[PDB]
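Colleague: any chance you could fold what I've pasted below:
(chains A, B, C, D, E, F and G, ligands or ions: 1)
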Amino acid sequence: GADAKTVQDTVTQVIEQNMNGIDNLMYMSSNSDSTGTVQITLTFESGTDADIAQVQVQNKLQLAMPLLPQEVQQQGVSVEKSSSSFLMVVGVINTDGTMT
Amino acid sequence: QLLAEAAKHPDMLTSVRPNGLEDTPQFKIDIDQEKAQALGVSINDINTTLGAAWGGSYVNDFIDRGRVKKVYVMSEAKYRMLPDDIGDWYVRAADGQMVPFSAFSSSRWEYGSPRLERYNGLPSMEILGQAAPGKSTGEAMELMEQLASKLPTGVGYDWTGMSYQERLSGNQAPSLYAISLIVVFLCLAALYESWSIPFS
Amino acid sequence: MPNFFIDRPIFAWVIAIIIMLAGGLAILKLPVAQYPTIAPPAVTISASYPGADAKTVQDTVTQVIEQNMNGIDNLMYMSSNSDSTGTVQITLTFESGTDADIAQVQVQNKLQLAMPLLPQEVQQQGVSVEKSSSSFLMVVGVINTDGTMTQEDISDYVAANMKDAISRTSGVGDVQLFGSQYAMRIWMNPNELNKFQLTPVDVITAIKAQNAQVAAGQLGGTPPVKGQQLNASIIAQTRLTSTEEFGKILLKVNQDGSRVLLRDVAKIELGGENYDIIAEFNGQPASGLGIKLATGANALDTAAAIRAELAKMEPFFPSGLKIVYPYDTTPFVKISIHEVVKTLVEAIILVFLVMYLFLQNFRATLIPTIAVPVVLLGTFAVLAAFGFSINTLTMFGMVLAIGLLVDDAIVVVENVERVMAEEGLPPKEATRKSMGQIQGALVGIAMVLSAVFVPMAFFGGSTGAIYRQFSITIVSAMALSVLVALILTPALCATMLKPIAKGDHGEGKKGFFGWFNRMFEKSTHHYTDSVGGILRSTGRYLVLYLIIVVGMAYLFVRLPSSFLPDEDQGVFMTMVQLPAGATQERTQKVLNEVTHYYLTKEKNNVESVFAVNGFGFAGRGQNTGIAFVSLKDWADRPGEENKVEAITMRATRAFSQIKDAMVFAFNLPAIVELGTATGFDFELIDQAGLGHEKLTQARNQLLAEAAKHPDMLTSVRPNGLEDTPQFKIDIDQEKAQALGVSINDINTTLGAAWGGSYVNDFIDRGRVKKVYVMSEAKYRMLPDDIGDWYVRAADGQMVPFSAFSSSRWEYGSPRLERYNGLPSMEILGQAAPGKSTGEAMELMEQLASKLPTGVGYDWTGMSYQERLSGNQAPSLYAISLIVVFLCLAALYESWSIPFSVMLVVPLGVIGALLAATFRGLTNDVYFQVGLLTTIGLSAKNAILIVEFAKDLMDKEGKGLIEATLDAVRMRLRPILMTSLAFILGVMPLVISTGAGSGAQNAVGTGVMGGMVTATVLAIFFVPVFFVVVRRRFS
Amino acid sequence: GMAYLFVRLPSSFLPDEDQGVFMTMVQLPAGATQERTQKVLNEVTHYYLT
Amino acid sequence: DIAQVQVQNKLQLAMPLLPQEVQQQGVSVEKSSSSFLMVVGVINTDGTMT
Amino acid sequence: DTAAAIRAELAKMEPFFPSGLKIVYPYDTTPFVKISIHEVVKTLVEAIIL
Amino acid sequence: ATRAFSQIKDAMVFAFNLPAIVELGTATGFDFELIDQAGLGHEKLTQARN
Ligand SMILES: N[C@@H]1CCN(C[C@H](O)COc2ccc(Cl)c(Cl)c2)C1
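Modeller: Residues are numbered from 1 along each chain as shown, chains lettered A, B, ... in the order given. Next up is the structure itself:
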């Protein structure tokens, strides 16, 4: 329930302020949505240990966690290895038409 | 301006589009707190009413067929669509009187970005496009950066994702060729014990 | 193998080219830092609970966090401090080699699960887990020369405009703001609050209600009606933005209709989140950014990038804003690296000069000039491969290994030239014969030097980390030198050297060179005659060798020990400690006096003073302060009296006359990450819940007992604060209930007024900033001001604090310490002069054994490492001796001949000690590694002599005495010329007196003395050992 | 001639393949509702299936 | 180590949703064997402690 | 190694125990491991002798 | 011990030795899981297990 500008000021900038100084970080791209979502991707160099990169990103994020609004902590800020492409889509239909 | 310039080159660039959303209108609600206190309606009650009715409020969990699921309270659609539906929602006062939102609230229209993007910590916008049939992606990137060089001051560019890898490969190709040639030359000199055969 | 490359010079050239390319790539890619990771990994948990004393923080925060630090791997120990400023710091120290990231994430995760157990205020302020095992690469301060900006303004500007871009700079690992952003400060007036029957609770509630973000919803949101066309997001109450908006917050409306706003009962401004620390640069308000170097980064490049970025920022600064560098050790690092590189280059040039002086051949002099740089580049490549960086330890290790490198090159080239000038063979066959003579000896020397230097890498702890740099560097350089001596150098000798006649020893030359040749020939004849005379009476010289060994033991025992020399790094520190209960103003006056002294009485030596009033060492309060004094360039400070040593002692002597303040000026440690080399660190543990008072009594008893042993223990002092007066408020709860006053309101009013309360955030210029409500300073200074504060009752009447509470003065700890989860007190000391640290620790343990029941002890810091690595050296060096003996037996095919080599070890060592004894140096790391290199060179010379003698005895019918004489004759020249080259190369280090002169002198003095005595003694002691051994076992 | 050919040869990264699947992105103007997007999506589905 | 890190990174998302009483007791994430390495008991020979 | 560290910690604690308190090891499999490995070493030595 | 404790009518009492490796268990044993995978409930799962 927050504007993109407000969530960017309260969440995105605060988080990405401390995302510098991480090993083998090629670049970073973030976006802030009108629904209050903040999505920050840190792309590292090829051959980097993704587990170590995730641990370092967690270590850098925990410095900013107290500076985020209480509702953000309540919703939970997740740090995890990510991919940008779907391996597959598994759809489910109803051949009888009885299910909406 | 960059997109307009890119549209002028249909023979090289195709389907050049921005990977983002245009600025959307937003409905600003101004809740006057002193009027609410004068009418005897708590500000927390007003906030809860507005958020729950229009935005939906997650209350707590229940059990559906043995699975924990969420319970949501939200306004029915017909009372939630248009800006003039705000008047149908009332809030009880300390004395039990039901006060309308119009009695203590006003509204207006503004504009704002629904999705703000940043690259390397600076505001940015992502653009997507293809190379026209018969053209390569390298030529497309060359034309794109040529067009971007003619933008106002303080507006730079960069390549990301696939284009970043393509740029890196192109940049490091000549050094790869030189190093491989030197390695083969040294290997030949070592094996055949001569500087003549390596050069020949 | 040498024969393979003599016939294939181009293949050897290809190998050399590959080594050179690898070394160049490493040099372009190696990281550069002053020192490597020496301290054990350490993780600090910092939390703040504003307005609380040490005991409140300890009971509500420190103990709760400590009780949940379980299941974390490789933890050596844990310590914690809880200060009267409301701050708790918990340092967890892990075993060396522990992954810092894994330890940090484990600590943070165990703290995540303990977060719900902490007070809501601690959770709101946030608990930060950081890696404290590193130090600042640089400090960039920002001042205003116009006086238009306060400290808070400069800090806010730095946070908003400078910090982000500096953080984005390449090679920057962490940026810490020396200040804080703006905060919405609400300074409440108790009189005005009582006028309108308001309390701080009302202000907090109003701020929370009227400064918030409310989720509103969405127009046409899903699920929509069947004909919806418009979808828009609804915006509602948002955070306030300016002081005007906060001042307009409405607290109440009176019956007459007059409105009470926040501006009426409080002053609204943009201040700082905290006011404990006041930073000044030469008396002007200042902020700053501390910049830490990233892992694997180049310090010089990072500093250059930071300075370039600051220059880019400069044109956009407000009028009067200026950038300064209060603490910058990067110039010291640059000058040190330059000095080491220059030392290497001049060593190569001096080797060239000695080659030309002795051989009188130009193409002979080129061969070492090609070999040595190749070995150095290969060493750089090897260091890059093993994940090492270019630091002081590795660079000085390379400097030390120059001796062995030049020795190998000189041995090969000189032996080839000698064969050419004796047998008259052309270069190729002479090179073949020389390599056939020396190849096995070179391989054995490689094995022996590996045995000598590898055991250094297996020491434990921080000292082990320091000796592993030297071990790896010197071992890699030695291995590459030996490989080059078998691959490239023989090929160069075969391809480049011109033929020499069968009997040309240079006497036919004219000028200086002919005279030099004749002089050296007659000197060699005299030396051989004297050696024969010695071998006729070996017993007297065996007695002399026993005397030498006894003197070596004498000097080794009486040589003081140390870790690293102190350096004049262009900066030092001055700590001021005022009496308990002193305020910020008094500490500021003391700091201003210190700054005036430094900028007037030392204006030719001091560039700036960075006075930080608010925290010092082992404490943080209004009665402590620290000043960071930066010195001018070493070029501008010529002479002994203008260095950090003399300047600091003069400053301390001048400050000794300051009253009501203990002020001490001192130099930085060699490695700031560890304040080691200050004796022993001791922990006195409350093991039975005795309490703070009984622990204080036990500590006092221990200190009194320690004072009774001045001959063993010196300056045994507590590393903490004594109990200070505290103002106790006893709230009578029955009275509070009787008058209708809730205890929650009473406590909230008291804490918010006198301690300050963080309420919520607000958006200033697109940044979140905290909102604080505190009493205006006028009304929270003295006990009487307690009577100015009222609390509203349920009946609506404002009751004063005097109606339901009494007050008194008690004593309490302003700083509570814990070690390994138990209450503790830290005691620092050092052994008396002439006493070792181990025996001082033993006496401390004996004294502690007689302390009251329930009081234990532990050793932390450097004492813990000393107990870990105390007995390692003798065992590893016994293994080294055994391996060296086995390698020598393999080389010589004899069980006894090895001894004739192994006896050379004292001959060099004694000299080093003498050089260390006369110059006043100590047994530090540099001295020990230089001693090892001298031992290696002496062993190399003895090995070559014994190899030549035994080859003469075996492959020819020459006798023991005749073979020994001919061997010493053949080996005299290379020994002398190598010793001359190395001594001349290390002369600058001995004579150095500028920047980095401490380490340079430590490295050079021992090397000089050991080389001189080894060259003088071995040349007629090794033949004695060989002859005696061959006579006994035959 | 080799240098001339090298300089004029266009560059890319990897050839595009026919993987049996592709995507179609649809973006309506700002403020458009789910029903209009569904209408546009129904058109795209019709195109591919007719 | 990494398994525990990932498990706790997923658990801190659920932690806010757990009952406050559960949080006050302390949720623990551990990586240990299912069997006791040892049992260290404590008695009072004097019999003066319960 | 963990058992040895635990024993060292208990040895550190023991001097400060209240009078009568005493530690026991009702369940420790370490002695079995020690004796088994020692027995295998003894069999190796005896095999060399034989 | 098991034969003697079989006479205890108040409880199921079994004495047992641990295996060489605790986790491996018995070489002829199997561990089986019956899953309620249609939202049947606890009672229907109990009936299926019976
Ligand atoms: N955050 C507070 C506020 C102000 N800030 C001052 C810093 O203490 C700067 O003082 C120095 C200067 C040099 C070094 Cl090397 C170090 Cl460690 C500290 C502290």
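
Colleague: longest strand of chain A?
Modeller: The longest strand of chain A (DSSP state E) is strand A:25-33.

Colleague: so what's whatever residue of chain A ends up closest to chain E closest to, chain neighbours aside?
Modeller: Residue of chain A nearest chain E, by CB to the nearest CB: residue A:76 (3.9 Å). C-beta coordinates here come from the backbone N, C-alpha and C atoms, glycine included. Setting aside the residues directly before and after it, residue A:76 is nearest to residue E:13 in space (CB to CB, 6 or more residues apart in numbering or on different chains), at 3.9 Å.

Colleague: all helices for chain A, in order.
Modeller: A:4-7, A:13-17, A:50-64, A:70-75 (DSSP state H).

Colleague: hmm, residue B:115 and residue A:31 touching each other?
Modeller: Yes. With contact taken as CB atoms under 8 Å, residue A:31 and residue B:115 are classed as touching, separated by 5.7 Å.

Colleague: so those two - more neighbours on which side?
Modeller: Set side by side, residue A:31 and residue B:115 show more neighbours around residue A:31, with 22 against 19, by other CB atoms under 10 Å in any protein chain shown.

Colleague: contacts only, for the more buried one.
Modeller: Contact partners of residue A:31, counting by CB atoms under 8 Å, 6 or more residues apart in numbering or on different chains, are A:38, A:39, B:115, B:116, B:117, B:118.

Colleague: likewise for residue A:15?
Modeller: With contacts defined as CB under 8 Å, 6+ apart, residue A:15 is in contact with A:30, A:38, A:40, A:61, A:64, A:68, A:77.

Colleague: between the contacts of residue A:31, which sits nearest chain G?
Modeller: Within the contacts of residue A:31, the smallest distance to chain G is 33.8 Å, found for residue A:39 (CB to the nearest CB).

Colleague: touching, that closest one and residue A:30? I think so.
Modeller: Yes. At 6.7 Å, residue A:39 counts as touching residue A:30 under the criterion of CB under 8 Å.

Colleague: check contacts around residue A:56.
Modeller: With contact set as CB under 8 Å, 6+ apart, residue A:56 has these partners: A:22, A:23, C:101.

Colleague: ok, 10 Å please
Modeller: A:19, A:21-25, A:42, A:44, A:48-49, A:79, C:101, C:104-105, C:295 (CB atoms under 10 Å, 6 or more residues apart in numbering or on different chains).

Colleague: widest-spaced pair of those residues?
Modeller: The span of these, defined through CB to CB, is set by A:79 and C:295 at 19.8 Å.

Colleague: show me which of the contacts of residue A:56 is closest to chain D.
Modeller: Top of the list for closeness to chain D, among those and by CB to the nearest CB, is residue A:44 at 19.6 Å.

Colleague: residue contacts, that closest one?
Modeller: Contacts for residue A:44 were tallied using CB under 10 Å, 6+ apart; they are A:22-28, A:50, A:52-54, A:56-57.

Colleague: so it bridges to which residues?
Modeller: Residues in a beta bridge with residue A:44, per DSSP bridges, are residue A:25.

Colleague: right, and residue A:84 touches residue A:39 too?
Modeller: No. In this structure, residue A:84 is not within contact of residue A:39 by CB atoms under 10 Å, at 11.0 Å.

Colleague: and the residue of chain A closest to chain B?
Modeller: Among residues of chain A, the one nearest chain B by CB to the nearest CB turns out to be residue A:34. It sits 4.1 Å away.

Colleague: mind listing what that residue touches?
Modeller: Neighbouring residues of residue A:34 by CB under 10 Å, 6+ apart: A:1-7, B:21, B:24, B:26, B:112-116, C:218, C:232-233, C:235.

Colleague: residue A:82 is in contact with residue A:53, correct?
Modeller: No. Assessed by CB under 10 Å, residue A:53 is found out of contact with residue A:82, at 11.2 Å.

Colleague: now do the shared contacts for the two.
Modeller: When contacts are counted by CB under 10 Å, 6+ apart, the set common to residue A:53 and residue A:82 consists of A:42, A:43.

Colleague: residue A:60 is in contact with residue A:18, isn't it?
Modeller: Yes. Using CB under 10 Å, residue A:60 is in contact with residue A:18, at 4.8 Å.

Colleague: who's in contact with residue A:18?
Modeller: Residues touching residue A:18, when contacts are defined by CB under 10 Å, 6+ apart, comprise A:57, A:59, A:60, A:61, A:62, A:63, A:64, A:65, A:67, C:167, C:174, C:175.

Colleague: looking at chain A, which residue is nearest chain F?
Modeller: Minimum separation of chain A from chain F (CB to the nearest CB) falls at residue A:55, amounting to 24.5 Å.

Colleague: could you export stretch A:51-59 as CSV, keeping only the C-alpha atoms?
Modeller: Coordinates of each C-alpha in stretch A:51-59 appear next as CSV, following Å, rounded to 0.1, in the frame of the first residue of the first chain:
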residue,chain,number,x,y,z
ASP,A,51,26.3,-19.5,-2.2
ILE,A,52,29.1,-17.1,-1.0
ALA,A,53,27.5,-14.3,-3.0
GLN,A,54,24.2,-14.9,-1.3
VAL,A,55,25.8,-15.0,2.1
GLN,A,56,27.6,-11.7,1.4
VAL,A,57,24.4,-10.1,0.2
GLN,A,58,22.7,-11.2,3.4
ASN,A,59,25.6,-9.7,5.4
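
Colleague: and that stretch, how far out from the chain's middle?
Modeller: Between the mean C-alpha location of stretch A:51-59 and the chain-wide mean there is a distance of 13 Å, by CA atoms, centre = their mean, to the nearest Å.

Colleague: same thing with stretch A:80-98?
Modeller: In terms of CA atoms, centre = their mean, the gap separating the centre of stretch A:80-98 from the centre of its chain is 21 Å.

Colleague: for residue A:11, what are its contacts?
Modeller: Each residue near residue A:11 by CB under 10 Å, 6+ apart is listed here: A:2, A:30, A:32, A:36-38, A:40, A:64, A:67-69, A:72, A:77, C:768.
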